[PDB]
Amino acid sequence: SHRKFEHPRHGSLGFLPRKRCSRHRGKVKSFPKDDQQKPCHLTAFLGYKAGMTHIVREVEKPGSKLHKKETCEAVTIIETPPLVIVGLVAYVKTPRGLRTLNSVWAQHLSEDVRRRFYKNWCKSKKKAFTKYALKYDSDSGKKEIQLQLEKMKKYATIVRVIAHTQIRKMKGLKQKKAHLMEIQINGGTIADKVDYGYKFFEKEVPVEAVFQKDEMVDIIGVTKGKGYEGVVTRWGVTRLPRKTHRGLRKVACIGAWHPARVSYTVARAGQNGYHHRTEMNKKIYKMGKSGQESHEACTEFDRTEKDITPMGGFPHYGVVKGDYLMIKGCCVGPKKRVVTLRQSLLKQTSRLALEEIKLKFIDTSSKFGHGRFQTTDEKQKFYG
Amino acid sequence: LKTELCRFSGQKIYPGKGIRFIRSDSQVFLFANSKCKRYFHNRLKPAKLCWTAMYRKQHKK
Amino acid sequence: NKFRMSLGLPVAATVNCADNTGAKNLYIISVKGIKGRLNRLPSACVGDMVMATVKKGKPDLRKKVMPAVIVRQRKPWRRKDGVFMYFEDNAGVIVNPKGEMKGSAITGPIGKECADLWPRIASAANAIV
RNA sequence: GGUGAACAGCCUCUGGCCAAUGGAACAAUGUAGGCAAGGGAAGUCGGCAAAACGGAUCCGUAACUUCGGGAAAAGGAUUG
RNA sequence: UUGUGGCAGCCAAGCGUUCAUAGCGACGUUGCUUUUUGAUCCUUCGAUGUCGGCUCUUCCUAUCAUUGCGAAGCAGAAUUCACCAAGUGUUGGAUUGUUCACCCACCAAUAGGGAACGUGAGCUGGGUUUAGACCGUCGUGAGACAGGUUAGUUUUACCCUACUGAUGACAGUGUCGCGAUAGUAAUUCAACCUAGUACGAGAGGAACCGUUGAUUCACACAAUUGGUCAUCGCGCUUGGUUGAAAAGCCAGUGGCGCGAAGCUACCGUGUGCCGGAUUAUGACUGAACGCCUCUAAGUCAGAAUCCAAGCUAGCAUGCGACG
Ligand SMILES: [Mg+2]
Ligand SMILES: [Mg+2]
Ligand SMILES: [Mg+2]
Ligand SMILES: [Mg+2]
Ligand SMILES: [Mg+2]
Ligand SMILES: [Mg+2]
Ligand SMILES: [Mg+2]
Ligand SMILES: [Mg+2]
Ligand SMILES: [Mg+2]
Ligand SMILES: [Mg+2]
Ligand SMILES: [Mg+2]
Ligand SMILES: [Mg+2]
Ligand SMILES: [Mg+2]
Ligand SMILES: [Mg+2]
Ligand SMILES: [Mg+2]
Ligand SMILES: [Mg+2]
Ligand SMILES: [Mg+2]
Ligand SMILES: [Mg+2]
Ligand SMILES: [Mg+2]
Ligand SMILES: [Mg+2]
Ligand SMILES: [Mg+2]
Ligand SMILES: [Mg+2]
Ligand SMILES: [Mg+2]
Ligand SMILES: [Mg+2]
Ligand SMILES: [Mg+2]
Ligand SMILES: [Mg+2]
Ligand SMILES: [Mg+2]
Ligand SMILES: [Mg+2]
Ligand SMILES: [Mg+2]
Ligand SMILES: [Mg+2]
Ligand SMILES: [Mg+2]
Ligand SMILES: [Mg+2]
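Protein chains in written order, with the authors' numbering: chain DB, 2 to 385; chain OA, 3 to 63; chain GA, 12 to 140.
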């Protein structure tokens, strides 16, 4: 009664349960380990998946067939406006785990980050933090706040900053209320970390302060939703033959007689997609920082003066105006989805991590249909 | 940059796209998209499809 | 070594025999180097040295297994350049078990990834592309 | 009535009907219908099911034969 | 229960060119196993749906490869014996209903098994197992055959649970968190250099590090390629029809060509994970036992192993900060 012919499992058990993620935003379930020897910096950041394009580059990989050869690679653009720091949170180690010791919030908060605290912002009286920001126009208030910051310097071991996206500077998203999370500071002593955060309230952090080019990141988010969906599509079980009464696309035997139960590891039909996934070791090819020559999609070889956005805007996302990243390979979730960019937990030492990336051409032809021109200007000159 | 010309629609393919069909007489035909590939395989003549650059250069438009 | 290209030629495939060896036709029966998986028919691609038998050709080559090498594939496949380069007909050449070309010359164009992996098929080739 | 070899199928005229409980949504699995890249029965007990061929004109038509057939053999070309 | 089937110990006549024990081990002898078959007839005959295959899951080790080792009549290569080891893998096909069998080929390998001889309200119905029928042997005959062949209906879930997912109360409400516990995922191979080096009379002929890919699996995603069309998007077109043209419409999607968007494919693309403890084993110091000795007290190095880390869940009717 042994299996006649072995074959590896369909699907992985390391991802159960697979259900709706109870979180739209990709939560960082592990931050890079602290290193007090290094200069102080952040460890995570927020972007929005704009779309995909492709590039072509000259590979430098001694021992490869592709060495000194150009290759074409799919990339994802993540429009990634600077975060705003609106808080500073302290953590203390207890025999249970880590505790939020106490938290400090900036004097002003933007009209949209204060939307994150309501579910009906309109009919509200808009009073979130109104009586707290009065802790700053009084002498006793500032005294209390500095008392809290001293508590944070002297007791905390893990210090994190509250930061939110400016969800309004991307008109393509039909959304006004910002995404707010905690990005953990690494490096320095606790006093240095807390001084770094406090001094840096209410001011915008660029994506370069976090990441560098050629650096390896980890993109976290909730996959696309595909709905309640059959077993063959969820798990990949082979179909039953054509001539089966009561349906083909299912699992024939859902377990042996004993145990007299359906094992948890049998493939069943249920939610597919909109799962939480961390997908690690995505490489950074280019940072587009708005306002200088490195923003545009002009490489050192190609010089058609064009911006990163394709013709007719990114589908379902619109036109990219703010800063952005370009990562090799795909990105979780559909267009317009918030993603969390986290520094790697590993130690990048392999060649594939250390190649410097130098592009040759950034495809711009509209991704909506078979794009044939790079710029609307060139299409206009081609038609007349 | 180094573009190349489709041999059915005569339009410039940019790097990272194109389908090249190697006919049994050892010629190389680069189609820019699926539409050229199919009009070619279906035994149509590019000089007679009104949108093709061969048509346009034949009638001087 | 070589890169991964779309596998277009499963077992029981019938390919042209593109050399002056006498066989008009090869019949794929297995592919070298494949580690199997339940129910998957082994598939062959350009450069995949395979086992083939001649079903239509010279009687002195028929009814015996023999190594062949696929040199033309009609399944489009993704070059590293971005182009999806492919041929007009599936075609292969008879080789000795070490890979020496059995015949003398190859009729028709031949794949670059097959040539750069098999030097002697590359040498007997006439139009690499 | 038209096409068409035609009381085939498809569409219309006279006459008769819209009677089969309706509203919203387009998830899985179904019942019925399709389409698929490369390969072409490797699937399976088994080419089961589906696809393919299909009208007409012209040419050509094997073995075997009870000399009647096989035969619409097979194999080709053409069609607005 | 274990005759029988399978497995593994003890002694040592010999084989092993010398040599009992590298590797076997006859005469004997002791055990283990419940996949075979036998025995029994304890439950089930007011029915537990009976062979096989397909699917899919899980576990066992009596280990085939895979990691680490010890031994050799181990020079190298290969092969044999055993140890810690069940994490991972164990294929495509010809013929047969077949399990089994036996070939072709790949492979690192084509190990054995259990789960009511796993699995029929999951399929199939090829075999078998009603009624039709034919042949053979038997019977005087009706008929029989653990002889052969052909045709022969495969019913029900909406209940409970299990499992998969979906809401949800319980210190007002909301953001951010914590992380108990549970799941866990990566596997193997190839090529270049090392190297025609070490080893070897020669014949042949390694490996570590390093580099580049690949196989199986997993998770995503859709720029390109491909696939899909009732966008009934555009065009063409058959038959009818609105007197005609234009515009259409009907033939359940009339048909054909292209066909964006979305969905999607190892048929396309990307990514897949770092510490600690140790098993075998080999060692350190070191007695018992003036010596020796890896063990006795104490120590070390150590693996596809273990636990973490990482990834998923986190109604744990758990907890923290702030508004
Ligand atoms: Mg079975
Ligand atoms: Mg097995
Ligand atoms: Mg998938
Ligand atoms: Mg049926
Ligand atoms: Mg597109
Ligand atoms: Mg397409
Ligand atoms: Mg099979
Ligand atoms: Mg007529
Ligand atoms: Mg009629
Ligand atoms: Mg097909
Ligand atoms: Mg068949
Ligand atoms: Mg078969
Ligand atoms: Mg089979
Ligand atoms: Mg058969
Ligand atoms: Mg049929
Ligand atoms: Mg006949
Ligand atoms: Mg026994
Ligand atoms: Mg016995
Ligand atoms: Mg009884
Ligand atoms: Mg009974
Ligand atoms: Mg009963
Ligand atoms: Mg039952
Ligand atoms: Mg019953
Ligand atoms: Mg064991
Ligand atoms: Mg059952
Ligand atoms: Mg039957
Ligand atoms: Mg009968
Ligand atoms: Mg008689
Ligand atoms: Mg009988
Ligand atoms: Mg009987
Ligand atoms: Mg655990
Ligand atoms: Mg498409």
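C-beta: ideal position from N, C-alpha, C; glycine also.
So, does the CB of DB:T166 fall closer than 7 Å to a CB anywhere in chain GA? For DB:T166, the answer is no, since every Cβ of chain GA falls outside 7 Å of its Cβ.
For OA:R45, would you say it is in contact with chain GA, using Cβ-to-Cβ distances shorter than 7 Å as the test? no
In whole angstroms, give me the CA-to-CA distance for DB:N282 and DB:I255. 36 Å
Do the CB positions of DB:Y318 and DB:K336 come within less than 7 Å of each other? yes
Just checking: is the beta-carbon of DB:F315 within a distance shorter than 7 Å of some beta-carbon in chain OA? no
Across the stretch 118-136 of chain GA and the stretch 46-61 of chain GA, are there enough close Cβ pairs to call them in contact, namely three or more that are closer than 8 Å? yes
How would you write the range of the alpha helix (DSSP H) that GA:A135 sits in, first residue to last? 130-135
Against chain OA: residues of the stretch 77-99 of chain GA by CB proximity under 9 Å: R83, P87, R90, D92, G93, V94, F95, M96, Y97, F98, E99
Between which two residues does the alpha helix (DSSP H) carrying OA:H43 extend? Note, OA:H43: alpha helix (DSSP H), 36-43.
Sheet register partners of residue 412 of chain DB (DSSP bridge): Since the first and last residues shown for chain DB are 2 and 385, residue 412 of chain DB lies out of range.
Taking C-beta to C-beta, are DB:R19 and DB:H276 nearer than 7 Å? yes
Determine whether the Cβ of GA:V140 lies closer than 7 Å to any Cβ atom of chain OA. yes
In the structure shown, what three-state DSSP assignment does DB:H165 receive? strand
On the CB-based measure, 16 or more other CB atoms within 10 Å of its CB, does DB:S13 come out buried or exposed? exposed
Backbone CA spacing between DB:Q167 and DB:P83 [nearest angstrom]: 8 Å
Applying a beta-carbon distance threshold of less than 9 Å, which residues of chain OA neighbour GA:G58? Near GA:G58 there are no residues of chain OA at all, since even the closest Cβ is about 16 Å away, more than 9 Å.
Cβ separation of DB:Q185 and DB:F32, assumed to be a contact under 8 Å, to the nearest whole Å: 4 Å
Select from DB:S264, DB:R269, DB:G188, DB:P311 the residue whose C-alpha is nearest the C-alpha of DB:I363. Nearest C-alpha to DB:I363: DB:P311.
Quick test of the definition: if touching needs 3 or more C-beta pairs under 8 Å, does the stretch 85-95 of chain DB touch the stretch 161-176 of chain DB? Judged by Cβ distances under 8 Å, the stretch 85-95 of chain DB makes contact with the stretch 161-176 of chain DB, as three or more pairs qualify.
Sorted by chain position, which residues of the same chain lie with C-beta nearer than 6 Å to DB:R26's C-beta, five sequence neighbours on each side aside? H180, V339
Between DB:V60 and the rest of its own chain, which residues show a CB-CB distance below 7 Å, the 5 nearest in sequence each way excluded? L67, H68, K70, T72
Give a yes or no on whether the minimum CB-CB distance between DB:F302 and chain GA is below 7 Å. no
For chain GA, check one thing: does any of its Cβ atoms lie closer than 7 Å to the Cβ of OA:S11? no
Closer than 8 Å by beta-carbon distance: list the chain DB residues that pair up with GA:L49, in chain order. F6, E7, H8
Which residues in chain OA sit within 9 Å of DB:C73, going by Cβ to Cβ distance? For the C-beta of DB:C73, the chain OA residues within less than 9 Å are, from N- to C-terminus, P17, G18, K19.
Name the chain OA residues that come within less than 7 Å of GA:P120, Cβ to Cβ? In chain order: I24, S28.
Which complete beta strand (DSSP E) runs does the stretch 212-241 of chain DB hold, if anything under 3 residues is left out? 217-223, 226-230
Length of the line joining the Cα atoms of GA:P21 and GA:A63: 12 Å
May I ask you to list the residues that DSSP assigns as paired with DB:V76? DB:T54, DB:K329
Beta-carbon within less than 6 Å of DB:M153's beta-carbon, same chain only, minus the 5 sequence neighbours each way: which residues are those? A91, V195
Below 8 Å, can you find three or more Cβ-Cβ pairs linking the stretch 72-80 of chain GA to the stretch 253-270 of chain DB? Between the stretch 72-80 of chain GA and the stretch 253-270 of chain DB, the count of C-beta pairs closer than 8 Å stays below three; the two stretches do not touch.
Would you call the CB atoms of residue 387 of chain DB and DB:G52 closer than 7 Å? Chain DB is shown only over 2 to 385; residue 387 of chain DB falls outside these bounds and no answer can be derived.
Spatial neighbours of GA:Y97 within its chain, please: CB distance less than 7 Å, with the 5 preceding and 5 following residues excluded, ordered by chain position. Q84, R85, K86, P87, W88
Short of 8 Å in beta carbon distance, which residues of its chain neighbour GA:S41, apart from the five on each side in sequence? Order them along the chain. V22, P53, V61, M62
For DB:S366, verify whether its CB is less than 6 Å away from any heavy atom of ligand 6. No, ligand 6 has no heavy atom inside 6 Å of this Cβ.
Alpha helix (DSSP H) segment containing DB:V195, residue limits: 191-200
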